[PDB]
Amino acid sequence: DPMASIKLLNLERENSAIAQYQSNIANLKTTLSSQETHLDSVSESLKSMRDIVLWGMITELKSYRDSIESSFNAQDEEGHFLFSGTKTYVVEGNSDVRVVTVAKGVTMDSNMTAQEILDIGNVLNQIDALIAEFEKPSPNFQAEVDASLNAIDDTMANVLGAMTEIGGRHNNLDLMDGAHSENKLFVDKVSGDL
């Protein structure tokens, strides 16, 4: 049935396109989960730094300061920077998005950015200014502590927001992933009926 032969050829192709989109989804889920991880370490490093600044050590601050710097300038498999924007204390990269085609005509943004997350108006040298007044208190010392606490509070709001946003992306990925899965079994059915 020369026409059934074609009907099949087309179902194979279509099938192959679905396998491709889900491959793009899995890959993108990996990267998202992978940022979620590093944001989780930013946040914990932030809470710890906030404890130090609240209960009161001098060594303890800069440990977390390096634990947050590392995370924002961290690199994947090959060696690209994740939170750099498209340029894969002064802010390293830009705020522009990387996109991925998860379905025909549907594209999804892949990255949170250091520029967006550290933009509180950097917590990183706001803490350099405070570890200073820690080493020898000045009459401004008190005001430094407060906008230190404020900078931690603001970055923490951005960090948490970013993690919320990643999650909404996982939900939306999963939506498309499941539609692909329903669609593929249909294709396996119809293929097998011919």
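Note that residue numbering begins at 1 and tracks the sequence as displayed.
- Unmodelled residues of the deposited sequence between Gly56 and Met57: 10 or more.
- A chain break between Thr88 and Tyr89 is present, corresponding to 10 or more residues of the deposited sequence without coordinates.
- As the entry records it, the average C-alpha temperature factor is higher for 90-98, out of 90-98 and 104-112.
- Mean CA temperature factor is higher for 65-73 when stretches 28-36 and 65-73 are set side by side in the entry.
- For the set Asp146, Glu135, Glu165, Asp154, the PDB entry assigns the largest Cα B-factor to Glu135.
- Among all modelled residues in its chain, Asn125 ranks in the highest third by Cα B-factor.
- In the PDB entry, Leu160 places in the lowest third of its chain by CA B-factor.
- Among the modelled residues of its chain, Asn140 has a C-alpha B-factor that falls in the highest third according to the deposited record.
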